[PDB]
2 protein chains.
Amino acid sequence: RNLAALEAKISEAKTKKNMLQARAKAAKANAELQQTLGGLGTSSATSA
Amino acid sequence: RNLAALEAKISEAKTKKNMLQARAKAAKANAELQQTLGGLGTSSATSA
C-alpha cells in the first residue's frame with residue numbers, strides 16, 4: 001500500500017510540475033510578445 | 001543423559017537465536033522501508 005501511494009504521489013507530482021512549468025513558460029513568452037508589441041522602437045525616425 | 005540434554009540445549013539455542021536474528025533483521029528492514037516511504041524528499045522542487 002505504501003508503494004501504491006508513493007507511486008501515485010510521484011506520478012502526480014512529476015506531471016503537475018511539468019505542466020505547470022510548461023504553462024508558466026508559455027505565459028512568460030506571451031507576456032514578452034505583448035511587451036515587444038508595445039516596445040516597438042521604429043518611432044525613432046521622428047528624429048530624422 | 002548429560003550429552004542428550006546438552007545436545008538439546010545446543011540445538012534449541014542455535015536455532016532460536018538464528019531465527020530471532022533473522023526476524024529482527026526483517027523487522028528493521030521493514031521499519032527502514034516505512035521510514036523511506038515517509039522520508040521522501042521530492043517535495044524540495046517547491047523551491048524551484
# chains A, B, ... in the order shown; residues from 1 in each chain; ligands from 1

call {"tool": "calpha_fit_and_write", "arguments": {"fixed": "chain A", "moving": "chain B", "output": "PDB file with C-alpha atoms, in the first residue's frame"}}
result
ATOM      1  CA  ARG B   1       0.000   0.000   0.000  1.00  0.00           C
ATOM      2  CA  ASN B   2       2.883   2.375   0.737  1.00  0.00           C
ATOM      3  CA  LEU B   3       4.330   1.618  -2.703  1.00  0.00           C
ATOM      4  CA  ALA B   4       0.983   2.305  -4.364  1.00  0.00           C
ATOM      5  CA  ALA B   5       0.656   5.622  -2.533  1.00  0.00           C
ATOM      6  CA  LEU B   6       4.258   6.601  -3.285  1.00  0.00           C
ATOM      7  CA  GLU B   7       3.856   5.793  -6.982  1.00  0.00           C
ATOM      8  CA  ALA B   8       0.704   7.910  -7.111  1.00  0.00           C
ATOM      9  CA  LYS B   9       2.492  10.787  -5.368  1.00  0.00           C
ATOM     10  CA  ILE B  10       5.494  10.575  -7.694  1.00  0.00           C
ATOM     11  CA  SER B  11       3.426  10.439 -10.880  1.00  0.00           C
ATOM     12  CA  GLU B  12       1.142  13.298  -9.859  1.00  0.00           C
ATOM     13  CA  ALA B  13       3.999  15.499  -8.644  1.00  0.00           C
ATOM     14  CA  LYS B  14       6.054  14.936 -11.793  1.00  0.00           C
ATOM     15  CA  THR B  15       3.225  15.520 -14.261  1.00  0.00           C
ATOM     16  CA  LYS B  16       1.789  18.517 -12.392  1.00  0.00           C
ATOM     17  CA  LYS B  17       5.188  20.192 -12.048  1.00  0.00           C
ATOM     18  CA  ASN B  18       5.979  19.588 -15.719  1.00  0.00           C
ATOM     19  CA  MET B  19       2.674  21.030 -16.933  1.00  0.00           C
ATOM     20  CA  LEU B  20       2.948  23.976 -14.536  1.00  0.00           C
ATOM     21  CA  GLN B  21       6.445  24.767 -15.803  1.00  0.00           C
ATOM     22  CA  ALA B  22       5.315  24.497 -19.427  1.00  0.00           C
ATOM     23  CA  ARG B  23       2.330  26.785 -18.858  1.00  0.00           C
ATOM     24  CA  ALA B  24       4.440  29.315 -16.950  1.00  0.00           C
ATOM     25  CA  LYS B  25       6.940  29.348 -19.817  1.00  0.00           C
ATOM     26  CA  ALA B  26       4.125  29.855 -22.327  1.00  0.00           C
ATOM     27  CA  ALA B  27       2.671  32.683 -20.233  1.00  0.00           C
ATOM     28  CA  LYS B  28       6.015  34.464 -19.924  1.00  0.00           C
ATOM     29  CA  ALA B  29       6.563  34.065 -23.669  1.00  0.00           C
ATOM     30  CA  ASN B  30       3.150  35.620 -24.326  1.00  0.00           C
ATOM     31  CA  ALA B  31       3.934  38.490 -21.950  1.00  0.00           C
ATOM     32  CA  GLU B  32       7.244  39.052 -23.744  1.00  0.00           C
ATOM     33  CA  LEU B  33       5.388  39.108 -27.067  1.00  0.00           C
ATOM     34  CA  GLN B  34       2.962  41.711 -25.721  1.00  0.00           C
ATOM     35  CA  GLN B  35       5.854  43.803 -24.389  1.00  0.00           C
ATOM     36  CA  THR B  36       7.598  43.666 -27.768  1.00  0.00           C
ATOM     37  CA  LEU B  37       4.358  44.708 -29.465  1.00  0.00           C
ATOM     38  CA  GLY B  38       4.230  47.652 -27.067  1.00  0.00           C
ATOM     39  CA  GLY B  39       8.008  48.082 -27.190  1.00  0.00           C
ATOM     40  CA  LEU B  40       8.306  48.889 -30.899  1.00  0.00           C
ATOM     41  CA  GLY B  41      11.032  51.472 -31.483  1.00  0.00           C
ATOM     42  CA  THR B  42      10.514  52.372 -35.152  1.00  0.00           C
ATOM     43  CA  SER B  43       9.203  55.761 -33.968  1.00  0.00           C
ATOM     44  CA  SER B  44      12.832  56.910 -33.587  1.00  0.00           C
ATOM     45  CA  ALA B  45      12.730  58.017 -37.243  1.00  0.00           C
ATOM     46  CA  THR B  46      10.943  61.122 -35.956  1.00  0.00           C
ATOM     47  CA  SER B  47      14.447  62.433 -35.246  1.00  0.00           C
ATOM     48  CA  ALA B  48      15.398  62.194 -38.926  1.00  0.00           C
TER      49      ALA B  48
END

call {"tool": "select_by_dssp", "arguments": {"residues": "chain B", "states": "alpha helix (DSSP H)", "output": "PyMOL selection string"}}
result
chain B and resi 2-38

call {"tool": "write_last_selection", "arguments": {"atoms": "N, CA, C and O atoms", "output": "compact mmCIF listing (two decimals), in the first residue's frame"}}
result
# COMPACT_ATOMS: atom_id res chain seq x y z
N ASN B 2 23.52 -36.48 30.27
CA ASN B 2 24.07 -35.13 30.16
C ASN B 2 24.31 -34.76 28.70
O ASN B 2 24.06 -33.62 28.30
N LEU B 3 24.80 -35.70 27.90
CA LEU B 3 25.02 -35.44 26.49
C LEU B 3 23.71 -35.18 25.77
O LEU B 3 23.62 -34.27 24.94
N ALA B 4 22.68 -35.97 26.07
CA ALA B 4 21.38 -35.73 25.46
C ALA B 4 20.87 -34.33 25.80
O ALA B 4 20.44 -33.58 24.91
N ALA B 5 20.94 -33.96 27.08
CA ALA B 5 20.47 -32.64 27.49
C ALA B 5 21.29 -31.54 26.83
O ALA B 5 20.73 -30.53 26.37
N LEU B 6 22.61 -31.70 26.77
CA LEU B 6 23.46 -30.68 26.18
C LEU B 6 23.19 -30.53 24.69
O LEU B 6 23.17 -29.41 24.17
N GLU B 7 22.99 -31.64 23.99
CA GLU B 7 22.65 -31.57 22.57
C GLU B 7 21.33 -30.83 22.37
O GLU B 7 21.21 -29.99 21.47
N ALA B 8 20.33 -31.14 23.20
CA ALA B 8 19.06 -30.43 23.10
C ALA B 8 19.26 -28.93 23.32
O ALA B 8 18.75 -28.11 22.55
N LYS B 9 20.01 -28.57 24.37
CA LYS B 9 20.26 -27.17 24.65
C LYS B 9 20.94 -26.48 23.48
O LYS B 9 20.56 -25.38 23.07
N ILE B 10 21.97 -27.13 22.92
CA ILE B 10 22.73 -26.52 21.84
C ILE B 10 21.84 -26.30 20.63
O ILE B 10 21.82 -25.22 20.03
N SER B 11 21.10 -27.34 20.23
CA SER B 11 20.25 -27.23 19.05
C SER B 11 19.21 -26.13 19.23
O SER B 11 19.03 -25.28 18.36
N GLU B 12 18.52 -26.13 20.38
CA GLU B 12 17.48 -25.13 20.60
C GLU B 12 18.07 -23.73 20.64
O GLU B 12 17.52 -22.81 20.02
N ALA B 13 19.18 -23.54 21.35
CA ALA B 13 19.78 -22.22 21.42
C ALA B 13 20.18 -21.73 20.03
O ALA B 13 19.86 -20.60 19.64
N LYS B 14 20.85 -22.59 19.26
CA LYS B 14 21.31 -22.17 17.94
C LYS B 14 20.14 -21.79 17.05
O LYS B 14 20.11 -20.70 16.46
N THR B 15 19.14 -22.68 16.94
CA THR B 15 18.04 -22.41 16.03
C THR B 15 17.23 -21.19 16.47
O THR B 15 16.86 -20.35 15.65
N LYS B 16 16.96 -21.08 17.78
CA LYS B 16 16.18 -19.94 18.27
C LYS B 16 16.92 -18.63 18.04
O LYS B 16 16.32 -17.65 17.60
N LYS B 17 18.22 -18.60 18.34
CA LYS B 17 18.99 -17.38 18.11
C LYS B 17 19.01 -17.02 16.63
O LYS B 17 18.86 -15.85 16.27
N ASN B 18 19.20 -18.01 15.76
CA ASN B 18 19.24 -17.73 14.33
C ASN B 18 17.92 -17.14 13.85
O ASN B 18 17.90 -16.13 13.14
N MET B 19 16.80 -17.77 14.22
CA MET B 19 15.50 -17.28 13.78
C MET B 19 15.21 -15.90 14.37
O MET B 19 14.64 -15.04 13.69
N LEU B 20 15.58 -15.68 15.63
CA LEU B 20 15.37 -14.38 16.24
C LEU B 20 16.16 -13.30 15.50
O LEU B 20 15.64 -12.22 15.23
N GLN B 21 17.42 -13.59 15.17
CA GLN B 21 18.23 -12.63 14.43
C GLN B 21 17.62 -12.35 13.06
O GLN B 21 17.55 -11.19 12.63
N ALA B 22 17.17 -13.39 12.37
CA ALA B 22 16.58 -13.20 11.05
C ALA B 22 15.33 -12.34 11.13
O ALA B 22 15.13 -11.43 10.32
N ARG B 23 14.47 -12.61 12.12
CA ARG B 23 13.23 -11.85 12.24
C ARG B 23 13.51 -10.41 12.65
O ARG B 23 12.83 -9.49 12.18
N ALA B 24 14.49 -10.20 13.52
CA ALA B 24 14.86 -8.83 13.89
C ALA B 24 15.38 -8.07 12.68
O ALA B 24 15.06 -6.89 12.48
N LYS B 25 16.20 -8.73 11.85
CA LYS B 25 16.70 -8.09 10.64
C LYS B 25 15.55 -7.75 9.69
O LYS B 25 15.51 -6.66 9.11
N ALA B 26 14.60 -8.67 9.53
CA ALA B 26 13.45 -8.40 8.68
C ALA B 26 12.64 -7.23 9.22
O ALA B 26 12.19 -6.37 8.45
N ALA B 27 12.44 -7.18 10.54
CA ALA B 27 11.67 -6.10 11.14
C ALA B 27 12.35 -4.75 10.94
O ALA B 27 11.70 -3.75 10.62
N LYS B 28 13.67 -4.70 11.15
CA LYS B 28 14.38 -3.44 10.96
C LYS B 28 14.36 -3.03 9.49
O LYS B 28 14.26 -1.84 9.18
N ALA B 29 14.45 -4.00 8.57
CA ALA B 29 14.34 -3.67 7.16
C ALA B 29 12.96 -3.08 6.84
O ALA B 29 12.85 -2.10 6.10
N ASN B 30 11.91 -3.67 7.40
CA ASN B 30 10.57 -3.14 7.18
C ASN B 30 10.43 -1.73 7.75
O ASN B 30 9.83 -0.86 7.12
N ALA B 31 10.98 -1.50 8.94
CA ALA B 31 10.93 -0.17 9.53
C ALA B 31 11.68 0.84 8.67
O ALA B 31 11.24 1.97 8.49
N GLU B 32 12.84 0.43 8.13
CA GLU B 32 13.58 1.31 7.23
C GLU B 32 12.77 1.61 5.97
O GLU B 32 12.77 2.75 5.48
N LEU B 33 12.07 0.61 5.44
CA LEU B 33 11.21 0.84 4.28
C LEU B 33 10.12 1.85 4.60
O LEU B 33 9.83 2.75 3.80
N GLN B 34 9.49 1.70 5.76
CA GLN B 34 8.44 2.65 6.15
C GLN B 34 9.01 4.05 6.32
O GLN B 34 8.39 5.04 5.90
N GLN B 35 10.20 4.17 6.92
CA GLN B 35 10.83 5.47 7.08
C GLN B 35 11.10 6.10 5.72
O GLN B 35 10.84 7.29 5.51
N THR B 36 11.64 5.32 4.78
CA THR B 36 11.91 5.84 3.45
C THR B 36 10.62 6.28 2.76
O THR B 36 10.59 7.32 2.09
N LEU B 37 9.54 5.51 2.93
CA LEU B 37 8.25 5.92 2.39
C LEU B 37 7.83 7.26 2.98
O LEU B 37 7.33 8.13 2.27
N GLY B 38 8.02 7.43 4.29
CA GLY B 38 7.75 8.71 4.92
C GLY B 38 8.83 9.74 4.72
O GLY B 38 8.58 10.93 4.91
